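Student: Below is the structure I would like to discuss, written out as structure tokens.
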Number of protein chains: 2
Amino acid sequence: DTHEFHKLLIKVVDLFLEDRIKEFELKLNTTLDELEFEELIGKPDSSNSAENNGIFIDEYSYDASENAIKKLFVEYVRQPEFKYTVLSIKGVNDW
Amino acid sequence: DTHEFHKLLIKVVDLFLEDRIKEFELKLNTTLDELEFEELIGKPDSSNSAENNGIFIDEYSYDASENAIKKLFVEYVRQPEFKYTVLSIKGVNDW
């Protein structure tokens, strides 16, 4: 169920970070708890947070073989009890 | 490894067909054998195959609650020994 769904989401990101998935877009509606959300993120080399009309967009950077950089975009709405409703996840390549 | 990666790809599609994933875009490079490729596809209600400079684009339709239809796009190059190298998978909603 929902736990295995979120496990998958995390792995999707990991395979993106491995460049086994080159780039991806997910459109979702599910809600994560903190440990899930943080795991999803891994360790960026820098992060940005932006907000508009209650909607948050986070931008995470991951360095790989130069000048190849991985970027992950997470769109979510913050929820009571340290939870996060993910609306979309997007992975991209940059220089 | 590779087998578990393809497992994942199949489920991604199934979650899209369940509308747990609303729509998705995967950009990949991996090669599947027939059993894998066919399971990835499920049972569509209609199929289209398109070819351009050796590259194939398949379009699959799945009926859901009306007039909601799921559409799956698979981009691949045919390979010897009934193998298929997937370059991208795309899932979208339509009426």
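All residue names refer to the structure tokens as shown: chains lettered A, B, ... in order, residues numbered from 1 in each chain, ligands numbered from 1 in order.
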Hey, what does DSSP flag as strand (DSSP E or B) within chain B? Can you give it to me as an NGL selection string?
Tutor: :B and (23-27 or 31-33 or 46-52 or 55-63 or 69-79 or 83-94)
Student: Compile the residues of chain B that lie within 6 Å of chain A, evaluated using only C-alpha atoms, and express the compilation as a VMD selection string.
Tutor: chain B and resid 21 to 28
Student: Determine, counting only C-alpha atoms, which protein, DNA and RNA residues have an atom within 10 Å of an atom of residue 83 (chain A); residues of the same chain fewer than 4 positions away are not included. Present the result as a PDB file with N, CA and C atoms, in the first residue's frame.
Tutor:
```
ATOM      1  N   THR A  31       0.687  12.132   0.681  1.00  0.00           N
ATOM      2  CA  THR A  31       1.280  12.859   1.806  1.00  0.00           C
ATOM      3  C   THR A  31       2.348  12.029   2.515  1.00  0.00           C
ATOM      4  N   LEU A  32       3.516  12.642   2.710  1.00  0.00           N
ATOM      5  CA  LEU A  32       4.663  12.000   3.362  1.00  0.00           C
ATOM      6  C   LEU A  32       4.869  12.496   4.785  1.00  0.00           C
ATOM      7  N   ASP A  33       5.387  11.640   5.662  1.00  0.00           N
ATOM      8  CA  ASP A  33       5.881  12.132   6.948  1.00  0.00           C
ATOM      9  C   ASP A  33       7.346  12.535   6.799  1.00  0.00           C
ATOM     10  N   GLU A  34       7.902  13.163   7.829  1.00  0.00           N
ATOM     11  CA  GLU A  34       9.238  13.754   7.758  1.00  0.00           C
ATOM     12  C   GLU A  34      10.336  12.790   7.309  1.00  0.00           C
ATOM     13  N   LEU A  35      10.442  11.634   7.968  1.00  0.00           N
ATOM     14  CA  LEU A  35      11.475  10.642   7.632  1.00  0.00           C
ATOM     15  C   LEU A  35      11.399  10.184   6.173  1.00  0.00           C
ATOM     16  N   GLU A  36      10.177  10.004   5.672  1.00  0.00           N
ATOM     17  CA  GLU A  36       9.924   9.717   4.264  1.00  0.00           C
ATOM     18  C   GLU A  36      10.422  10.853   3.382  1.00  0.00           C
ATOM     19  N   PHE A  37       9.943  12.058   3.665  1.00  0.00           N
ATOM     20  CA  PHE A  37      10.292  13.217   2.869  1.00  0.00           C
ATOM     21  C   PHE A  37      11.798  13.448   2.800  1.00  0.00           C
ATOM     22  N   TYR A  76       5.034  20.774  -2.992  1.00  0.00           N
ATOM     23  CA  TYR A  76       4.275  20.261  -1.855  1.00  0.00           C
ATOM     24  C   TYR A  76       3.559  21.353  -1.066  1.00  0.00           C
ATOM     25  N   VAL A  77       2.615  20.910  -0.245  1.00  0.00           N
ATOM     26  CA  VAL A  77       1.926  21.763   0.705  1.00  0.00           C
ATOM     27  C   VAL A  77       2.199  21.227   2.121  1.00  0.00           C
ATOM     28  N   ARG A  78       2.730  22.084   2.997  1.00  0.00           N
ATOM     29  CA  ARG A  78       3.012  21.696   4.380  1.00  0.00           C
ATOM     30  C   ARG A  78       1.720  21.332   5.106  1.00  0.00           C
ATOM     31  N   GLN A  79       1.793  20.308   5.955  1.00  0.00           N
ATOM     32  CA  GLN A  79       0.628  19.836   6.705  1.00  0.00           C
ATOM     33  C   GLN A  79       0.907  19.677   8.207  1.00  0.00           C
TER      34      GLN A  79
END
```
Student: At a cut-off of 9 Å, using only C-alpha atoms, what residues contact region 57-60 of chain B? Leave out same-chain residues fewer than 4 positions from it and give the result as a ChimeraX atom specification.
Tutor: /B:41,43-52,70-77
Student: Which one is closest to residue 63 (chain A): A:1, A:94, A:7, A:14? Count only C-alpha atoms.
Tutor: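 Among the listed residues, the smallest separation from residue 63 (chain A) belongs to A:94.
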Student: Using the chain letters and numbers from this document, which residues of chain A does DSSP assign to helix (DSSP H, G or I), as a ChimeraX atom specification?
Tutor: /A:2-17,34-41
Student: Restricting the calculation to only C-alpha atoms: of B:4, B:55, B:67, B:17, which residue gets closest to residue 42 (chain B)?
Tutor: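 The answer is B:17, which sits nearest to residue 42 (chain B).
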Student: Enter the distance from CA of residue 10 (chain A) to CA of residue 40 (chain A), in Å, rounded to one decimal.
Tutor: 4.6 Å
Student: State, in Å with one decimal place, the distance from CA of residue 92 (chain B) to CA of residue 13 (chain B).
Tutor: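 Those two atoms sit 10.9 Å apart.
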